[PDB]
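> Before the rest arrives, take these chains from my complex:
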Amino acid sequence: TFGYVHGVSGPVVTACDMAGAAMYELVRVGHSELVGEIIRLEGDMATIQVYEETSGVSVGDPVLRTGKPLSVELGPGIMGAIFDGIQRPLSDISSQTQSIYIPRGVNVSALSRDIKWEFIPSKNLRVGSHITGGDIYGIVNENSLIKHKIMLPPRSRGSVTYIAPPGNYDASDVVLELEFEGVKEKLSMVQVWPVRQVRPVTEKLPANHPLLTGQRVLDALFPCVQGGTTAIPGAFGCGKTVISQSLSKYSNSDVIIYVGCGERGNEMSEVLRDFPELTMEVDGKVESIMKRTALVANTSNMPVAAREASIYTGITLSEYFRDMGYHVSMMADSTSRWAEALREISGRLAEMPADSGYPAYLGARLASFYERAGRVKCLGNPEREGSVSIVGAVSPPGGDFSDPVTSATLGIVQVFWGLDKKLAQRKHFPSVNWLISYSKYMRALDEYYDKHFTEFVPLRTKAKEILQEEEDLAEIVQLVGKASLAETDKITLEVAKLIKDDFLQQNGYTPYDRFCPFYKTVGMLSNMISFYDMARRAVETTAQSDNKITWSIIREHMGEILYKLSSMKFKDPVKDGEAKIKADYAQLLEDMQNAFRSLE
Amino acid sequence: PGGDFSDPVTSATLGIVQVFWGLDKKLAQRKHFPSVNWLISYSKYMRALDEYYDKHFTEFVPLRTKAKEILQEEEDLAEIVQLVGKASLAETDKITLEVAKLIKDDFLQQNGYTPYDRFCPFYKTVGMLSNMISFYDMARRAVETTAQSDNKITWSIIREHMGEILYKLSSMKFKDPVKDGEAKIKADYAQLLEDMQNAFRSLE
Amino acid sequence: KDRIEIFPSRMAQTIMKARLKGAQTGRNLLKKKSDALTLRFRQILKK
Amino acid sequence: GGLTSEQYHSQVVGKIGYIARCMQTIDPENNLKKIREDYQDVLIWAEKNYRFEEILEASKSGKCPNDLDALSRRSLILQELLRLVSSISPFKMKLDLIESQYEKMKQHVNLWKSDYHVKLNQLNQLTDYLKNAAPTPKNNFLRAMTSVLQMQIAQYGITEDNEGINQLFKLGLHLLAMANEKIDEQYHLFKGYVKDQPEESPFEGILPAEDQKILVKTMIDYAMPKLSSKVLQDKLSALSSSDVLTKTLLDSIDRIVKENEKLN
Amino acid sequence: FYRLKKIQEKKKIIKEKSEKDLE
Amino acid sequence: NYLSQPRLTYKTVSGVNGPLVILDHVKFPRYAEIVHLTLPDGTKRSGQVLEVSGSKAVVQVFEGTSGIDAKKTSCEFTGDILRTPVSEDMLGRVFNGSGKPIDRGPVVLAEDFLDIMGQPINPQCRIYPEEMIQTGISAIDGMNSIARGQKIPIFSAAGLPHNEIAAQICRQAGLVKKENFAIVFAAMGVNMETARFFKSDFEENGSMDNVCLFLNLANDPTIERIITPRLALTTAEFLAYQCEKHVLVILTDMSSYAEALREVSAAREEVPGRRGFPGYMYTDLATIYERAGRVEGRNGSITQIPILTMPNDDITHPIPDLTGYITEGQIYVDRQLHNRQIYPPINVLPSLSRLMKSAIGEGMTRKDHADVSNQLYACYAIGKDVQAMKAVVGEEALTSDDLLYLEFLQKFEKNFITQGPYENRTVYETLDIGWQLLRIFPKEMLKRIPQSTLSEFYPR
């Protein structure tokens, strides 16, 4: 088991007597057990890229190889934890050490031992019964929300020889024992998985059910789908916090995993201060979103491989909750700072630089990351579907999207939510640019929309047209003044203003904009576009006649309709039932039709 | 290699040296000598030297600050003239350009090979600058004193009445430090200050 | 045609950034000129 | 993009064994003749006490059924019926309804996209939360409404668009979502359900007599604060003698409080 | 970067050969 | 407790190569083990083991290897990494870049021997920055307020007076004052005149009782320049996290630190990365900058105001570029203001203190402060835009409001930004100066201030 340190040069430790070790095997070096990976073998010698500072490591110090490559422990106790980039739990490190520092060479297990959670075995299992990877052998009630499914690791299979009865047990207690080919394996609630390896599935499915964020601008103009991959331009003035907090509080996602991939020291602590304090309604109770989330967190000075691996730990955790049948959402907050940590590994390994100094494989590291998203038929017996979505924030240098990490990310991700400083400076939250943003998933979501919201596809189309006409007409408005435009252009601009200020803007701090259900989003946009179609009909139908309609005539005859349209954002689903909101929208439609009947 | 101050020898030198006399290709090409760019060069010793200057040369620090100010406002005014020509320039901006031309062409400029300019002592140097900036202050006052008045003293009215003084100002560089000792140079420049004040007084 | 044909060097990067600040300044000054004249032109049309 | 051969055949033998474990729970008596016959191929391989290695070699040989998508459809139908029958444990469904719902599922294009799966997930969602139902108006009302739902499901299945079942989902899910402090809104919702159900005693005999008395006591106790007059408070207090919750209790409470609204 | 990686490789080979020649 | 065993000393120098002396036959050598060299003439010299491999130990000597030989030179191995003799009595004292005193005082009697490398502050233990540090400079305190525990570099360039700004911050800085504040000023690759300026300008002006000063000169060894930030931050960690002090660390030239990293990477024969700097430059800059912030259950907090000489006046260079990625916003010193004699030359337009929203609030400053800074920003920005208009149209073409933004710009540079090297302005006086400039406009023109705030403070 033990090898010996042969030499040390900066963060790279050469070792000897390592003949039984493997490429990318995880190794503890030095008496303090500094973490590192085998990057090369040269006979009985191995070269270990140490993660932590190597100061003080000596020739002939022990080299204790862990048999497995870099891996994530998976099980109960994942929920609510703040893991670092290599799954050292920062909460356990703080509690056990009673120190403000992470001590060099932590040995703390990722899932806390001695916490004897309530376990229920799967009622269908028996001694002698067949079992396979992804089969649920029991459930652990760790939180009121997440009934944590315990399931056989994807490589393991055979005949069940023991299951624990109902009772209290931890991560180290043996829960299942099974025999295959005459060999017995003992399993606990803890499972261990290689962080760079995809967890296999029965079928990777197309993504077709919306991931609602509760924000009108996102859910209306550029929808995202459960299982989908999306990106955000993360910067100071972008307003990313409005998306991030809203996603965690309101999304139709059963588990959230957030990954700090080298955020700034203070910016990381702002996130780790907020997520405990964020609360969500469930079953008429209020509970901390920490009941349904886990944070991987790394400040910029965390070990290089802790930053680089943090993105892969997040998706390995997220795939594990996907495999339980949960619709997981992953947020990665700094894919640029991850690509910097990736670049630092290549610089230490002396790999040749590609575009802008990033490694040649950056495209493959990103692409194999985002391809781990999607909806799936899970492994094992219950046939259950599950999914991982991935939100990947990117930081274009000075707003330049041509940097290889940003360019590749926007080339890979099927959705982009183009946050823009010019909108946030005017407090236009969520501050998403409705020209620069896009979503490729429309063709796949149209199945769901045709079933549940058949009117919506016409509406989103007309919305984009109205917004595009505003941008194209604005040049003429500057060149000759708004007063010189045609009547069909003037009503188009007013509806574009109505959409911009009273539909796309959403003040999530207020009681009324706190969350916007999809029904409210359709009903608001339906009324705005119905008013546009009637206004457009009135002006175009009277063009070249003696008697003629213009925006001033409409506003003079029905100014209360424009006011009622603006009032729709204030209508609150908590105060007013969905039937009442639907009836009010039916009344606005009848009101505007009767109002236009006075002109035509 | 191409006069570029980003070159590593220059970069390492710039992190170390307290004084840097950045000579500029554009000045050298137009045969402005001694070719020092007055907007890129610096001397971190000013802090210390201001003790010596306040003991021996009390007028010099005010003049040094006003000089660099006039020369920086020259760059602002010189850039805009490429697009707007003269049309936007206030009468004070004209006085700034006129004195900036005097300071650039008749004070900063110096011929390194001609005995009148081979070396210039400090008493000559401070006296030259004292006169050119005292002209700037008095001319700027002569303009601004007429702000919203019934008649304006323009830059051109100044330039026409002050023509002898302007020629005298440019001529200050010709005094020979060998045959014209510091006492004679200071006395002549004191007559220029009196002539300058009296020429301006005719418009006030 | 597409480029100024300056040969690539750390000097040439500096000179292009200096020229870009020059061109952006000249754009903004000429845009201010255009705005000022356009304001007078609209006022003169009203008159 | 798929599975290793070892994993693929492992999933086959797992699913085959599992369909049999599902049969043993949906039908311990072997009553569901048509359903059991449709799984006979997988059931034979699971009923014979083959070693895991022997059935895996038989799957590699293609003697076992060896299409994961075919096994997945078969297993999915059986699991969705098994979930239905398990979710209604207090009320056994009629055998003819079980085979009818099975035939509807067998004939349906895709169960995950089906309204059957939505309704069944709602039935499970309402049922599951009751494992932590501490005494409060919300939880007492939810146990009551869910017990009605379980009985009605045992009488009609899922694919039958019974208006009562469809409305009962909306009302039950709304009460489940309704905030726990909202005692008057919870009371008003449950009151509205009892008024809207055609029967004069919708909860009668469906649940334990102690729970029926807790419903009666819950309605009286949260009504009484609305009365200011001691005579009317005593007349309303006397209703606590009743054990079964009925429309006549609500109408008695309504009369006595509406009299108090004019007697204050 | 490429030129300097090759230089460093040549030095590594010359170091190893110089040690091997002393055995 | 302590290493009880005696030290070994080796004559076995197998070679010398640039700054490196290669011992052989060494017993159990450590990476970064501190060693003491003795030369043939008996002169002592310092060094660290830059590489270990079997019996070989490649010492990087701190001083140049000049005078070392294979036969008389003796290397003494201390058996440990370099540790800082640290204590609270390091306040009021001046140290060289290795931590040896240069103030005619004794060695430090230490309260601890902290690992020079430090350790990562646990992100769950990290607390968000919560209150202002006064720098005393109006262009910082009234426009770019610095939260206690923020990192905020002063970007500068060759010839700009950023060392004078660094020194003025180090004199004037303190809490808001509506003895527990300490400064750790640490200066790398400093030319001997600027080192006399830092030493004298603190020792002559009473501040020393609340500052610890580290000087590393331009001619001091390049490896001592790497150690200087680590001593500073180790002392700042001790003062804050062991001793509750609020601490401000002034790292005066991160460029010469990065140039020292370039040399230490060349010393290991590593291939150069981006623009000739090491690939791992981001982690080394982060290892300096993230040794900062507040921590749970302690009053202590390390703020950093690095100063950073931008190569070629360009933020794209890896030194400023990587620093912008790690630190929470930046202050720019500007050559334009410097040539105009505006001292401090701090350009408040491109500058941004990212955490100023935390630093400013009711009970931390006057409640108006955030609104004042926003309106001053708008009025200075519009004043610059109107100065560009004046340049095209001349004064007679301007409106009365345009003339107010010009009067504002002139007075704002000449009263708000201009401070002088020794005038100290508390945040209250900076805000009264701010209001004195805002009062130039009619009350209704102050569009970024609420009418309640205007009614309480617009009258003068």
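Now that the structure is in, tell me what you want to look at. Residues are numbered from 1 along each chain as shown, chains lettered A, B, ... in the order given.
> Enumerate every residue touching residue A:370.
Going by CB atoms under 8 Å, 6 or more residues apart in numbering or on different chains, residue A:370 touches A:229, A:390, A:392, A:412-413. C-betas here are computed from N, CA, C, even on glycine.
> Ok, residue A:198 next?
Counting by CB under 8 Å, 6+ apart, residue A:198 makes contact with A:319, A:368, A:372.
> near chain F, which of the residues you listed show up?
Here nothing survives when those are matched to chain F using CB under 8 Å from any CB of the partner chain.
> Closest to residue A:215 out of those residues?
Using CB to CB, residue A:372 comes nearest to residue A:215 of the contacts of residue A:198, at 25.5 Å.
> my guess is that closest one meets residue A:387, correct?
No. With contact defined as CB atoms under 8 Å, residue A:372 does not reach residue A:387; the gap is 11.1 Å.
> Compare those two (neighbour count), which wins?
Set residue A:372 next to residue A:387 and count neighbours by other CB atoms under 10 Å in any protein chain shown: residue A:387 wins out with 28 against 20.
> how close does the more buried one sit to residue D:240?
From residue A:387 over to residue D:240 the distance is 51 Å, taken as CB to CB, to the nearest Å.
> The closest residue to chain B within chain E is in what secondary structure piece?
Closest approach between chain E and chain B, counting by CB to the nearest CB: residue E:4, at 16.1 Å. Element membership for residue E:4 (DSSP states H and E) is helix E:2-20.
> Pretty sure residue A:349 sits against residue A:49.
Yes. The pair residue A:349 / residue A:49 is scored as a contact, 7.3 Å apart, by CB under 8 Å.
> Which neighbours do these two have in common?
Common neighbours of residue A:349 and residue A:49 (criterion: CB under 8 Å, 6+ apart): residue A:39.
> which of the two has more neighbours?
In this view residue A:349 and residue A:49 are compared by other CB under 10 Å, and residue A:49 has more residues nearby, 21 against 14.
> here's chain G, add it to the model above:
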Amino acid sequence: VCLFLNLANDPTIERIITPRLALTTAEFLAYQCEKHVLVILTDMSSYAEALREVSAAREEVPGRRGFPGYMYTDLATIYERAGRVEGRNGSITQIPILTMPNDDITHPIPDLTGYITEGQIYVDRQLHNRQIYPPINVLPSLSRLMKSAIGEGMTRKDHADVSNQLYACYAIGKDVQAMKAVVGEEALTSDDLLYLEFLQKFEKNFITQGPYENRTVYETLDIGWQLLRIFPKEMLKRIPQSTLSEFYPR
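Next up, chain G placed on what we already have:
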């Protein structure tokens, strides 16, 4: 049809052999079974990145952007297996596909492919952002083998000339658009404004085409003439007078 799939999550080194498997199957079907085959090579950029990865991981001598110095020959060992061969009725036709990094046509991936293949089909944001499917920009496009394929019996006899003049008119149309964006219509000639109108008519009728709309070359040439008729006969300076005299009035 036959498919070889290497997905973005699959191992990158398989991408070296992924197109070679397709071609090795195409060589069997075409040269041994006399079939005609269209071989599609999706994401040659992801292929070239697998070469860049192997190159960087082996310390191979770099060409531009750090691709291996041999990248041209590796791409040629893929691309050159297209062709007919003597005495066999078979033919391998290749349509490779490549996304250009940062849309740069001078990038090694498009550029080396550019030298090897018989001209390029190109697709452009200038068309796609206006909903002009298929967004095929004709000016950067060409076919080196088109000249030999165009002619009598293969096509209408005029086809070569119609092409030559469509390129000229569309090219002038782009140049007058680039002028107008600076100076407005007041500094353009009436003829320049006609080339600007030609560009609008051309993209809306010639390029714009439905995802299931099939057009023969003959209907395409009739459309081409109805566009070329925008100018007077004497302006069509790439076409011979006999071709004009037969077809221009139709």
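> Revisit the contacts of residue A:198 given that chain G is now included?
Counting by CB under 8 Å, 6+ apart, residue A:198 touches A:319, A:368, A:372, G:9.
> how about 6 Å then?
Contact analysis of residue A:198 by CB atoms under 6 Å, 6 or more residues apart in numbering or on different chains lists A:372, G:9.
> Count the neighbours of residue D:49 for me.
7.
> That one is in what secondary structure piece?
Here residue D:49 is covered by no helix or strand, with elements defined by DSSP H and E.
> now it, nearest residue through space, not along the chain?
Excluding the flanking residues, the one nearest residue D:49 by CB to CB, 6 or more residues apart in numbering or on different chains is residue A:128, at 7.9 Å.
> Any figure for the gap between the one you found and chain B?
Residue A:128 sits 76 Å away from chain B, going by CB to the nearest CB, to the nearest Å.
> That residue: what secondary structure?
Of the three states, residue A:128 takes coil under DSSP: H, G, I helix; E, B strand; the rest coil.
> How much space separates it from chain E?
60 Å.
> residues contacting residue 319?
Looking at chain A here, since you left the chain open. Neighbouring residues of residue A:319 by CB under 6 Å, 6+ apart: residue A:199.
> other chain: chain F
By CB under 6 Å, 6+ apart, the contact list for residue F:319 reads F:255, F:258.
> and what of residue F:246?
By CB under 6 Å, 6+ apart, the contact list for residue F:246 reads F:181, F:301.
> rerun that using 8 Å as the cut-off
Residues in contact with residue F:246 (CB under 8 Å, 6+ apart) are F:133, F:148, F:175, F:180-182, F:240, F:299-301, F:303.
> just residue F:219 next, same as before
residue F:192 are the contacts of residue F:219 under CB under 8 Å, 6+ apart.
> Distance-wise, check it relative to residue F:162.
21 Å.
> same check, this time on residue A:348
Taken as CB to CB, the span from residue A:348 to residue F:162 is 32 Å.
> ok, residue 123 - how many residues close by?
By default, I'm working from chain A. Here the number of neighbours of residue A:123 (other CB under 10 Å) works out to 11.
> you looked at the wrong chain, it should be chain D
With other CB under 10 Å as criterion, residue D:123 counts 22.
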